[PDB]
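What follows is one structure encoded as structure tokens, with my remarks underneath.
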Number of protein chains: 4
Amino acid sequence: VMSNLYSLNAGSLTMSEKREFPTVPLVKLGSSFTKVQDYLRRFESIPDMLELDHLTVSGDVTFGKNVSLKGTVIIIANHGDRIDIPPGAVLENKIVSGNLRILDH
Amino acid sequence: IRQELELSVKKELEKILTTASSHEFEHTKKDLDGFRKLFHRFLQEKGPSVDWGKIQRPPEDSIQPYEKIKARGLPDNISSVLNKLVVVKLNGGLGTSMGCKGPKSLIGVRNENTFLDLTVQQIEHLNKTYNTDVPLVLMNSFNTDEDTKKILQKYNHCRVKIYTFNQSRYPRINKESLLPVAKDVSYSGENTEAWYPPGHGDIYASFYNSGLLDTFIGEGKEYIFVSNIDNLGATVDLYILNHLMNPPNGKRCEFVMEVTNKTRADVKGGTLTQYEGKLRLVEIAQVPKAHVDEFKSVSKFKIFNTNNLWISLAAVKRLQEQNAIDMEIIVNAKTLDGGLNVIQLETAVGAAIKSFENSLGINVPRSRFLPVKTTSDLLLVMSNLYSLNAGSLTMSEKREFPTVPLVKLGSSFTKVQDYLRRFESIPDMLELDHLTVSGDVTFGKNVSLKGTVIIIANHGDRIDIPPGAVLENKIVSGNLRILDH
Amino acid sequence: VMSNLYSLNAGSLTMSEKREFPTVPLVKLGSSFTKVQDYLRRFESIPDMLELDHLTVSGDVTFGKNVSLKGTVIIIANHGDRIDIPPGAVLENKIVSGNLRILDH
Amino acid sequence: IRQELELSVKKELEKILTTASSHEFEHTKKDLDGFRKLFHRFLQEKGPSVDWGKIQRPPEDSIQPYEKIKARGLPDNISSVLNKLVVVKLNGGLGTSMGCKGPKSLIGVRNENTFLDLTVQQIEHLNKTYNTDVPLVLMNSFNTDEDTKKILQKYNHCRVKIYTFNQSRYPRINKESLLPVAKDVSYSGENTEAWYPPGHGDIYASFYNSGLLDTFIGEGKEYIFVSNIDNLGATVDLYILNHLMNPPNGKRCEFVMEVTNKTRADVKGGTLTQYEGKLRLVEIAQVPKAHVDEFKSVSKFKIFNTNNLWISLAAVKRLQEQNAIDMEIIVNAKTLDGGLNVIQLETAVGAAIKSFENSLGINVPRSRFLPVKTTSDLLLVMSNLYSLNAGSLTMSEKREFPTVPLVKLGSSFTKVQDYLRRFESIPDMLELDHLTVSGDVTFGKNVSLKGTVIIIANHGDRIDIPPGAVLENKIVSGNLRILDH
Ligand SMILES: O=c1ccn([C@@H]2O[C@H](COP(=O)(O)OP(=O)(O)O[C@H]3O[C@H](CO)[C@@H](O)[C@H](O)[C@H]3O)[C@@H](O)[C@H]2O)c(=O)[nH]1
Ligand SMILES: [Zn+2]
Ligand SMILES: [Zn+2]
Ligand SMILES: [Zn+2]
Ligand SMILES: [Zn+2]
Ligand SMILES: [Zn+2]
Ligand SMILES: [Zn+2]
Ligand SMILES: [Zn+2]
């Protein structure tokens, strides 16, 4: 609902005219995202989901600004591990797993 | 300059020619002739491109929905139309994508039936029920010709007339220097890396030179139906056939291609446009990089090409006789193990649709387009998700939702041996929707996969899904090993 | 006592006649199964132990519905690791170990 | 509308006022008056209020190269010229960024010497060698005043007259209400929730009201040298002082700020320009909408402000008693304990340069601009890379190349306490160019770092660099625990 997948007017949401395929994508964020505070925290910005179809996020994950999610994206971070998807990242039909931490210099 | 290039290449080509066993010299000469013409055309125009201004969406009567065709009903006498048809299957390729050495056609698909077994079973059963005699023509390649002929013996008692004709063989040409890399050696020289099957497209030239189209046109045949051996959906359709040999208002269509609607997946290409009065198959490479996104857009172009084509022998002969048959030049670059950057010129059978009169598209269900590119497809096709009869696969009546699920097995599964190894049995996928398997994974017997199952095993780790396991909308990760006690 | 290993009638328990041999099997559930609450929560249902001899389960372990245990089963989840036995899983003469998490979708 | 709301706010402030300290009651209003003036002023000009056209680059001789001043620069008499000067240091800052409450000035920088200790040392040694009497003055804040006045007992016997004055404290203002945050709890609820220092501008208002202006101008002082206590480079320069009090052609300069060339790091600061006939300090904020990217361009504006200023007390009195002092209103916002969003108004001391006659910048070497803001700077300053003499740091002459090396310590090193703990001694960094350390890292005694050194201890991991280790153009990673036996 927050993504550009949808458009809001007069308190009414409708799917984007720019959605190439009429269907609503599938998105399952893990337990790390369950609480709204956490959800908001972990998305630097709401990524581009206009071309998205499947999205599975499981572990400890974060999203920088201007990430773009297309088609089937399965990001999975194992227990203990964490994944920091860098900003501007374009994930299209990728399955991304492991343990990556991005730190300030 | 360009002329000097051409003539410089060709007399070197003449030098190559001088090497030949007489066994298959004259048939070599033609191929060289064919190549050379391709090369003459190659430099006739460069940066092959299309004027986007002159492009248009096809008229609504130029791509008819298959359900109208089926609406019309099947023909009054199936025999008389089946006897006017000939089945052609493309067999140019081998199972290296599936990690098998031999021709693809031979890889086992379901219950010890290989692709070829399935095609043969189909046409045979077709004949047996309709008391007709349809031929099967296999367009082989130098990589598959021999490997393939060896096994044709199995079909001596099966009720079908299997033919064969070898596709051309063109020299790979170096990229920087537009010269051929061949050392004037035969096939036996292990210089097979210096040759290639031009195109699925040269079939016109290859089918003409084989003399089978004259046999068949003389034998009272009107149409050939070309498809791939791996495309399990490319059955011979009696409705499409009816619309071909009993045409309404007397419109004879020389060339009709099956198209289907695009998914976000298959945006790849092969969409019909109206260009300069006639239908044209347009591929992404042909489109400028300015309008490449607009070309992919599903509003403007809703369909794409299934290389299921029905063509009239007559028109093939007429057009090939005149060299009026026209297809864009695919310049395909490759770098092989030897460490050599080369290009190889080729053509796509579909692209010729613009040279035929009254060319037509018909939007067939995806059911007719089930390419088995890789082992994940195999998993679909082997499961109870599908049902096999007379070499024809159809989706299970027990599939609650009409869609085909999505399945992506990792690199550990890529090779058929590995795939078979890792599945103790083919699991229940009747209720499946998404399946992603990534790492080192194994499946015991009587596993059941429902909805969205994402099994993921990390690098190094391994997952042994125990037998009888029911995974429904689960995402399972980690490292579990099950050992015998 | 809870399994199909015993049949209950009018309060009275009697070992199932279907049991091949009159011997009672050996079962040792780890510390994570000591409290009745955990135990109950950790077995989505009572598995099939009618052909069981040896059951040893140690560590963080979870059972799905309809699991079938036969002969000798040893399930060892190390410190920090968990093991979720998927439902319907039949284990017959096996030692199963490692770290496997089964999450909903 | 705006005025109607302003007066509404003024009433509230009067409601604030009625509570105060008997002994410290009155001046509060003086501070408060300054506040409204600020409020009036900030509503007077809403928006950019500055075009892009009238701005031009400073003409040459607007700013003179320090090398030109140092040429035949030392005065014939250094006592008399020093006797006319008073040193002012900005002490209204805490070391919370370095993880301590205390005023930043009190944080030990080198060999148990604090920033203050260094300054005091410097001017004391000045006095002792040149037989003069230079005063030192601290601009304190309500966060540092008491804490500073408590420890000033140290320098009782040190030959230097130290004075102190507290800058104004203004009430924060709510972003939507435009009314004072005014929790006023009372101040028992802490100030950060309740009050703030106006940033550097006030210096003119509070330095006058303290009576020190009249004192020093009356004592026989002509000039006042302003800088930060954390800027180790900002020493009393006798050459600048000579070009200042003994100017050529008798042209006296009432205001002069030291600027320096912009490195890639210092492209975010404010820069000197010529606007409407006079030199002015311009800020990013001052440059709305179009033409913004060019401001950053080092081609257009090659220098930035060091905040090392020299001013005439006479000019300050003359301009302050006329309220002719004009600085661009700066508005900033944030909140935390309040769980609020809050606005506070302040000004900048450097901005006032426009309101002075014969304003003149000078381009000093970075030698004089060395702001110690983080532990990473402490490591740099504490190392053999710098030599200490009488509170003055100078880069080692042994340093082959004049450039300062880059060093970045991790989150584990942010607090000076942790930082000190993690270095059994300051390593040799004299041949260092590039140092990056991240994670749980510790250094033994007599470590030597040369060239580029990257030390990465991943999450959970520790790295104990063994003592005496010499690391030269290495990147060390992993997990190593060195224990005692
Ligand atoms: O020069 C060649 C190469 C391959 N083949 C045969 O045909 C198939 C090659 O086609 P495939 O690898 O299945 O993909 P494409 O070459 O793109 O051709 C067809 O199969 C694709 C399956 O996705 C469809 O997308 C295309 O539209 C359709 O033209 C192989 O099985 C070979 O037996 C030939 O006859 N000649
Ligand atoms: Zn031969
Ligand atoms: Zn094989
Ligand atoms: Zn459940
Ligand atoms: Zn000068
Ligand atoms: Zn300050
Ligand atoms: Zn002293
Ligand atoms: Zn600490």
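Starting from 1 in every chain, residues are counted up; chains themselves are A, B, ... following the order of the structure tokens, and ligands are numbered from 1 as listed.
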Checklist entry - Which residues, written as a PyMOL selection string, have at least one atom at most 10 Å from residue 64 (chain A), with only C-alpha atoms counted and residues fewer than 6 positions away on the same chain left out? => result chain A and resi 42-47+84-89
Checklist entry - So which residues touch region 20-32 of chain A within 10 Å, counting only C-alpha atoms, skipping near sequence neighbours fewer than 6 positions away, as JSON, numbers by chain? => result {"A": [5, 6, 38, 39, 42, 49, 50, 51, 52, 53, 54, 55, 56, 57, 58, 59, 60, 61, 62, 71, 72, 73, 74, 75, 76], "B": [262, 263, 264, 297, 298, 299], "C": [103, 104, 105]}
Checklist entry - Taking only C-alpha atoms and all ligand atoms into account, which residues are within 9 Å of ligand 5, as a PyMOL selection string? => result chain D and resi 61+63-66+68-69+240+243-244+247-248+360-362
Could the residues in this selection be saved with N, CA, C and O atoms as a PDB file, in the first residue's frame?
```pdb
ATOM      1  N   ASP D  61      43.423  40.656  -3.425  1.00  0.00           N
ATOM      2  CA  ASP D  61      43.742  41.653  -2.403  1.00  0.00           C
ATOM      3  C   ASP D  61      42.522  41.880  -1.523  1.00  0.00           C
ATOM      4  O   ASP D  61      42.535  42.732  -0.639  1.00  0.00           O
ATOM      5  N   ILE D  63      41.610  39.082  -0.187  1.00  0.00           N
ATOM      6  CA  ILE D  63      42.251  38.098   0.668  1.00  0.00           C
ATOM      7  C   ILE D  63      43.712  38.010   0.240  1.00  0.00           C
ATOM      8  O   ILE D  63      44.016  37.856  -0.936  1.00  0.00           O
ATOM      9  N   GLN D  64      44.604  38.090   1.211  1.00  0.00           N
ATOM     10  CA  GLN D  64      46.049  38.076   0.943  1.00  0.00           C
ATOM     11  C   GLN D  64      46.624  36.711   1.338  1.00  0.00           C
ATOM     12  O   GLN D  64      46.219  36.147   2.353  1.00  0.00           O
ATOM     13  N   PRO D  65      47.563  36.168   0.539  1.00  0.00           N
ATOM     14  CA  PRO D  65      48.193  34.913   0.971  1.00  0.00           C
ATOM     15  C   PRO D  65      49.070  35.091   2.205  1.00  0.00           C
ATOM     16  O   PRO D  65      49.852  36.038   2.265  1.00  0.00           O
ATOM     17  N   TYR D  66      48.938  34.184   3.168  1.00  0.00           N
ATOM     18  CA  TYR D  66      49.718  34.234   4.401  1.00  0.00           C
ATOM     19  C   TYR D  66      51.220  34.314   4.114  1.00  0.00           C
ATOM     20  O   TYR D  66      51.975  34.947   4.860  1.00  0.00           O
ATOM     21  N   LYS D  68      52.604  35.962   1.901  1.00  0.00           N
ATOM     22  CA  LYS D  68      52.929  37.347   1.593  1.00  0.00           C
ATOM     23  C   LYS D  68      53.048  38.172   2.872  1.00  0.00           C
ATOM     24  O   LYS D  68      53.848  39.107   2.943  1.00  0.00           O
ATOM     25  N   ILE D  69      52.254  37.825   3.881  1.00  0.00           N
ATOM     26  CA  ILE D  69      52.318  38.514   5.164  1.00  0.00           C
ATOM     27  C   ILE D  69      53.575  38.103   5.928  1.00  0.00           C
ATOM     28  O   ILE D  69      54.255  38.952   6.507  1.00  0.00           O
ATOM     29  N   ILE D 240      50.487  37.780  11.343  1.00  0.00           N
ATOM     30  CA  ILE D 240      49.139  38.287  11.152  1.00  0.00           C
ATOM     31  C   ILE D 240      48.967  39.495  12.056  1.00  0.00           C
ATOM     32  O   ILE D 240      48.508  40.551  11.611  1.00  0.00           O
ATOM     33  N   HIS D 243      50.884  42.463  10.577  1.00  0.00           N
ATOM     34  CA  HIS D 243      50.161  43.063   9.444  1.00  0.00           C
ATOM     35  C   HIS D 243      48.878  43.723   9.938  1.00  0.00           C
ATOM     36  O   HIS D 243      48.363  44.636   9.296  1.00  0.00           O
ATOM     37  N   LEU D 244      48.365  43.257  11.075  1.00  0.00           N
ATOM     38  CA  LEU D 244      47.184  43.867  11.693  1.00  0.00           C
ATOM     39  C   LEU D 244      47.420  45.204  12.439  1.00  0.00           C
ATOM     40  O   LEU D 244      46.764  46.196  12.117  1.00  0.00           O
ATOM     41  N   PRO D 247      49.770  48.067  10.047  1.00  0.00           N
ATOM     42  CA  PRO D 247      49.344  47.880   8.659  1.00  0.00           C
ATOM     43  C   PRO D 247      50.080  48.794   7.683  1.00  0.00           C
ATOM     44  O   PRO D 247      50.435  49.916   8.053  1.00  0.00           O
ATOM     45  N   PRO D 248      50.306  48.325   6.446  1.00  0.00           N
ATOM     46  CA  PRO D 248      50.937  49.188   5.443  1.00  0.00           C
ATOM     47  C   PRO D 248      50.014  50.322   5.014  1.00  0.00           C
ATOM     48  O   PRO D 248      48.804  50.126   4.907  1.00  0.00           O
ATOM     49  N   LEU D 360      38.945  42.152   5.751  1.00  0.00           N
ATOM     50  CA  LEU D 360      40.047  41.548   5.002  1.00  0.00           C
ATOM     51  C   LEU D 360      40.317  40.124   5.465  1.00  0.00           C
ATOM     52  O   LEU D 360      40.728  39.906   6.598  1.00  0.00           O
ATOM     53  N   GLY D 361      40.095  39.155   4.582  1.00  0.00           N
ATOM     54  CA  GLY D 361      40.439  37.775   4.874  1.00  0.00           C
ATOM     55  C   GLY D 361      41.900  37.516   4.557  1.00  0.00           C
ATOM     56  O   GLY D 361      42.536  38.334   3.896  1.00  0.00           O
ATOM     57  N   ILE D 362      42.445  36.402   5.038  1.00  0.00           N
ATOM     58  CA  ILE D 362      43.775  35.969   4.614  1.00  0.00           C
ATOM     59  C   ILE D 362      43.793  34.445   4.515  1.00  0.00           C
ATOM     60  O   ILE D 362      43.227  33.752   5.362  1.00  0.00           O
TER      61      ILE D 362
END
```
Checklist entry - Which of region 72-307 of chain D counts as strand (DSSP E) under DSSP, as an MDAnalysis selection string please? => result chainID D and resid 85:90 108:110 113:114 135:140 161:166 170:171 173:174 195:196 223:228 255:261 271:275 278:282 303:307
Neighbours of ligand 6 at 6 Å or closer, counting only C-alpha atoms and all ligand atoms: which residues, as a CSV table (one decimal) with N, CA, C and O atoms, in the first residue's frame?
```
chain,number,residue,atom,x,y,z
D,92,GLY,N,31.7,27.2,24.7
D,92,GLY,CA,30.3,26.8,24.9
D,92,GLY,C,30.0,25.5,24.3
D,92,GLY,O,28.9,25.3,23.7
D,93,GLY,N,30.9,24.5,24.4
D,93,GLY,CA,30.7,23.2,23.8
D,93,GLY,C,31.0,22.0,24.7
D,93,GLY,O,32.0,22.2,25.5
D,199,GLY,N,24.3,30.4,18.7
D,199,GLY,CA,25.5,29.8,18.5
D,199,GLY,C,26.9,30.4,18.6
D,199,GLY,O,27.8,29.9,19.2
D,200,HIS,N,27.1,31.5,17.8
D,200,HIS,CA,28.4,32.2,17.9
D,200,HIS,C,28.2,33.6,17.8
D,200,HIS,O,29.1,34.4,18.1
```
Could you give me, as a Markdown table, every chain B residue with an atom at most 12 Å from ligand 4, plus its closest atom pair and distance in Å to one decimal, counting only C-alpha atoms and all ligand atoms, rows ordered by chain then number?
```
| residue | atom | partner | partner_atom_place_in_ligand_line | distance |
| --- | --- | --- | --- | --- |
| B:471 | CA | ligand 4 | 1 (Zn) | 11.1 |
| B:472 | CA | ligand 4 | 1 (Zn) | 10.0 |
| B:473 | CA | ligand 4 | 1 (Zn) | 10.3 |
| B:474 | CA | ligand 4 | 1 (Zn) | 9.7 |
```
Grab the residues selected above and save them as an mmCIF file, in the first residue's frame with N, CA, C and O atoms.
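Wrote part-v1.cif, looks like this:
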```
data_model
loop_
_atom_site.group_PDB
_atom_site.id
_atom_site.type_symbol
_atom_site.label_atom_id
_atom_site.label_comp_id
_atom_site.auth_asym_id
_atom_site.auth_seq_id
_atom_site.Cartn_x
_atom_site.Cartn_y
_atom_site.Cartn_z
ATOM 1 N N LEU B 471 5.356 -29.962 3.047
ATOM 2 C CA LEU B 471 5.727 -28.561 3.132
ATOM 3 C C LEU B 471 4.657 -27.749 2.425
ATOM 4 O O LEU B 471 4.499 -27.845 1.208
ATOM 5 N N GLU B 472 3.906 -26.975 3.204
ATOM 6 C CA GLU B 472 2.864 -26.108 2.673
ATOM 7 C C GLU B 472 3.083 -24.681 3.136
ATOM 8 O O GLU B 472 3.006 -24.404 4.325
ATOM 9 N N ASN B 473 3.365 -23.780 2.202
ATOM 10 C CA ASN B 473 3.640 -22.384 2.540
ATOM 11 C C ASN B 473 4.668 -22.253 3.646
ATOM 12 O O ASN B 473 4.464 -21.541 4.628
ATOM 13 N N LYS B 474 5.765 -22.969 3.486
ATOM 14 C CA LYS B 474 6.863 -22.907 4.420
ATOM 15 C C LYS B 474 8.090 -22.348 3.710
ATOM 16 O O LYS B 474 8.218 -22.466 2.490
#
```
For chain B against ligand 3, with a cut-off of 9 Å and counting only C-alpha atoms and all ligand atoms, what is the closest atom pair and its distance in Å to one decimal for every residue that makes the cut, ordered by chain and number, as a Markdown table?
```
| residue | atom | partner | partner_atom_place_in_ligand_line | distance |
| --- | --- | --- | --- | --- |
| B:95 | CA | ligand 3 | 1 (Zn) | 8.3 |
| B:98 | CA | ligand 3 | 1 (Zn) | 8.3 |
| B:99 | CA | ligand 3 | 1 (Zn) | 7.1 |
| B:100 | CA | ligand 3 | 1 (Zn) | 4.6 |
| B:101 | CA | ligand 3 | 1 (Zn) | 6.9 |
| B:102 | CA | ligand 3 | 1 (Zn) | 7.8 |
| B:107 | CA | ligand 3 | 1 (Zn) | 6.7 |
| B:108 | CA | ligand 3 | 1 (Zn) | 8.4 |
| B:415 | CA | ligand 3 | 1 (Zn) | 7.8 |
| B:416 | CA | ligand 3 | 1 (Zn) | 6.0 |
| B:417 | CA | ligand 3 | 1 (Zn) | 6.0 |
```
Next on the checklist: Could you list, as a list in words, all protein and nucleic acid residues with an atom at most 10 Å from ligand 2, counting only C-alpha atoms and all ligand atoms?
Outcome noted: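 I would give the residues around ligand 2 as residues 21, 22, 23, 24, 25, 27, 145 and 146 of chain B.
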Selected residues written out, N, CA, C and O atoms, as a PDB file, in the first residue's frame:
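File written: out.pdb
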```pdb
ATOM      1  N   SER B  21      36.720 -35.147 -48.462  1.00  0.00           N
ATOM      2  CA  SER B  21      36.533 -36.481 -48.954  1.00  0.00           C
ATOM      3  C   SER B  21      35.452 -36.265 -49.979  1.00  0.00           C
ATOM      4  O   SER B  21      34.661 -35.343 -49.821  1.00  0.00           O
ATOM      5  N   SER B  22      35.409 -37.084 -51.021  1.00  0.00           N
ATOM      6  CA  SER B  22      34.361 -36.948 -52.018  1.00  0.00           C
ATOM      7  C   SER B  22      33.009 -37.376 -51.443  1.00  0.00           C
ATOM      8  O   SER B  22      31.960 -37.058 -52.007  1.00  0.00           O
ATOM      9  N   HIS B  23      33.051 -38.091 -50.315  1.00  0.00           N
ATOM     10  CA  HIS B  23      31.858 -38.708 -49.715  1.00  0.00           C
ATOM     11  C   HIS B  23      30.723 -37.698 -49.569  1.00  0.00           C
ATOM     12  O   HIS B  23      29.582 -37.960 -49.951  1.00  0.00           O
ATOM     13  N   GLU B  24      31.080 -36.529 -49.052  1.00  0.00           N
ATOM     14  CA  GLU B  24      30.163 -35.447 -48.729  1.00  0.00           C
ATOM     15  C   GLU B  24      30.971 -34.180 -49.040  1.00  0.00           C
ATOM     16  O   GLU B  24      31.349 -33.422 -48.145  1.00  0.00           O
ATOM     17  N   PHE B  25      31.270 -34.017 -50.330  1.00  0.00           N
ATOM     18  CA  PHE B  25      31.886 -32.815 -50.906  1.00  0.00           C
ATOM     19  C   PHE B  25      30.812 -31.897 -51.446  1.00  0.00           C
ATOM     20  O   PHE B  25      30.740 -30.722 -51.094  1.00  0.00           O
ATOM     21  N   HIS B  27      27.770 -31.768 -51.060  1.00  0.00           N
ATOM     22  CA  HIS B  27      26.839 -31.296 -50.044  1.00  0.00           C
ATOM     23  C   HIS B  27      27.565 -30.228 -49.184  1.00  0.00           C
ATOM     24  O   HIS B  27      26.917 -29.307 -48.690  1.00  0.00           O
ATOM     25  N   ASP B 145      23.135 -35.620 -35.988  1.00  0.00           N
ATOM     26  CA  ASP B 145      22.671 -36.431 -37.104  1.00  0.00           C
ATOM     27  C   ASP B 145      22.915 -37.898 -36.804  1.00  0.00           C
ATOM     28  O   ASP B 145      21.972 -38.689 -36.667  1.00  0.00           O
ATOM     29  N   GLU B 146      24.192 -38.220 -36.627  1.00  0.00           N
ATOM     30  CA  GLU B 146      24.637 -39.593 -36.441  1.00  0.00           C
ATOM     31  C   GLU B 146      24.121 -40.135 -35.113  1.00  0.00           C
ATOM     32  O   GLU B 146      23.529 -41.216 -35.077  1.00  0.00           O
TER      33      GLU B 146
END
```
Item to check | Picked from region 21-240 of chain D by DSSP as alpha helix (DSSP H), as a PyMOL selection string | outcome: chain D and resi 27-44+66-70+78-83+115-130+145-151+191-194+203-209+212-219+238-240
Item to check | 12 Å shell around ligand 7 using only C-alpha atoms and all ligand atoms, listed as a list in words | outcome: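 Listing the residues within 12 Å of ligand 7 gives residues 113, 116, 117, 118, 119, 120, 121, 122, 123, 124, 125, 126, 127, 128, 152, 153, 154, 155, 156, 157, 158, 159, 160, 161, 162, 390 and 391 of chain D.
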Selection export as an mmCIF file, in the first residue's frame, atoms kept: N, CA and C atoms:
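File produced: selection27.cif:
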```
data_model
loop_
_atom_site.group_PDB
_atom_site.id
_atom_site.type_symbol
_atom_site.label_atom_id
_atom_site.label_comp_id
_atom_site.auth_asym_id
_atom_site.auth_seq_id
_atom_site.Cartn_x
_atom_site.Cartn_y
_atom_site.Cartn_z
ATOM 1 N N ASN D 113 47.393 16.858 29.227
ATOM 2 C CA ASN D 113 47.019 18.239 28.964
ATOM 3 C C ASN D 113 45.676 18.308 28.274
ATOM 4 N N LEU D 116 42.374 23.378 27.077
ATOM 5 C CA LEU D 116 42.579 24.569 27.892
ATOM 6 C C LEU D 116 44.025 24.682 28.338
ATOM 7 N N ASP D 117 44.509 23.603 28.936
ATOM 8 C CA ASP D 117 45.888 23.511 29.399
ATOM 9 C C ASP D 117 46.847 23.918 28.292
ATOM 10 N N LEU D 118 46.581 23.452 27.081
ATOM 11 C CA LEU D 118 47.408 23.833 25.944
ATOM 12 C C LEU D 118 47.339 25.339 25.699
ATOM 13 N N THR D 119 46.130 25.887 25.602
ATOM 14 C CA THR D 119 45.994 27.332 25.368
ATOM 15 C C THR D 119 46.701 28.157 26.458
ATOM 16 N N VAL D 120 46.334 27.884 27.706
ATOM 17 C CA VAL D 120 46.950 28.528 28.859
ATOM 18 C C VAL D 120 48.467 28.422 28.762
ATOM 19 N N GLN D 121 48.954 27.216 28.495
ATOM 20 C CA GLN D 121 50.382 27.001 28.314
ATOM 21 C C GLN D 121 50.952 27.948 27.263
ATOM 22 N N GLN D 122 50.317 27.983 26.095
ATOM 23 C CA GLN D 122 50.781 28.827 24.998
ATOM 24 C C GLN D 122 50.948 30.270 25.421
ATOM 25 N N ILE D 123 49.859 30.889 25.849
ATOM 26 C CA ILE D 123 49.953 32.318 26.121
ATOM 27 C C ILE D 123 50.805 32.605 27.359
ATOM 28 N N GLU D 124 50.819 31.675 28.309
ATOM 29 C CA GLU D 124 51.688 31.819 29.470
ATOM 30 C C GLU D 124 53.122 31.889 29.002
ATOM 31 N N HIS D 125 53.501 30.963 28.128
ATOM 32 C CA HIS D 125 54.863 30.944 27.630
ATOM 33 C C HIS D 125 55.122 32.198 26.808
ATOM 34 N N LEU D 126 54.112 32.673 26.078
ATOM 35 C CA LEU D 126 54.229 33.971 25.403
ATOM 36 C C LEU D 126 54.618 35.049 26.406
ATOM 37 N N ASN D 127 53.793 35.202 27.437
ATOM 38 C CA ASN D 127 54.042 36.195 28.470
ATOM 39 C C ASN D 127 55.421 36.032 29.077
ATOM 40 N N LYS D 128 55.782 34.801 29.403
ATOM 41 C CA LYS D 128 57.045 34.553 30.077
ATOM 42 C C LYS D 128 58.243 34.873 29.196
ATOM 43 N N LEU D 152 39.207 26.283 37.132
ATOM 44 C CA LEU D 152 40.098 27.390 36.786
ATOM 45 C C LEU D 152 41.068 27.715 37.932
ATOM 46 N N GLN D 153 40.905 27.035 39.063
ATOM 47 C CA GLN D 153 41.830 27.170 40.186
ATOM 48 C C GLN D 153 43.241 26.713 39.816
ATOM 49 N N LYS D 154 43.332 25.782 38.869
ATOM 50 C CA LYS D 154 44.614 25.252 38.412
ATOM 51 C C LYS D 154 45.593 26.360 38.058
ATOM 52 N N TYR D 155 45.141 27.301 37.242
ATOM 53 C CA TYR D 155 46.038 28.249 36.608
ATOM 54 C C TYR D 155 46.247 29.492 37.459
ATOM 55 N N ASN D 156 46.096 29.339 38.770
ATOM 56 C CA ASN D 156 46.294 30.451 39.684
ATOM 57 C C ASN D 156 47.723 30.961 39.602
ATOM 58 N N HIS D 157 48.688 30.045 39.659
ATOM 59 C CA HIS D 157 50.104 30.415 39.656
ATOM 60 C C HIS D 157 50.690 30.519 38.258
ATOM 61 N N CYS D 158 49.945 30.080 37.249
ATOM 62 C CA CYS D 158 50.419 30.181 35.859
ATOM 63 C C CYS D 158 50.256 31.649 35.407
ATOM 64 N N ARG D 159 51.271 32.215 34.745
ATOM 65 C CA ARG D 159 51.287 33.655 34.429
ATOM 66 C C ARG D 159 50.378 33.997 33.281
ATOM 67 N N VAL D 160 49.101 34.133 33.602
ATOM 68 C CA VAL D 160 48.128 34.562 32.632
ATOM 69 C C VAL D 160 46.815 34.925 33.296
ATOM 70 N N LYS D 161 46.239 36.031 32.855
ATOM 71 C CA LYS D 161 45.002 36.501 33.429
ATOM 72 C C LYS D 161 43.819 35.933 32.648
ATOM 73 N N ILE D 162 43.127 34.973 33.262
ATOM 74 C CA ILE D 162 42.001 34.299 32.617
ATOM 75 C C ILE D 162 40.662 34.876 33.059
ATOM 76 N N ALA D 390 55.435 23.740 24.689
ATOM 77 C CA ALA D 390 54.755 24.799 25.428
ATOM 78 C C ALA D 390 53.318 24.975 24.958
ATOM 79 N N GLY D 391 52.564 23.887 24.978
ATOM 80 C CA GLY D 391 51.169 23.924 24.581
ATOM 81 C C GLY D 391 50.915 24.065 23.090
#
```
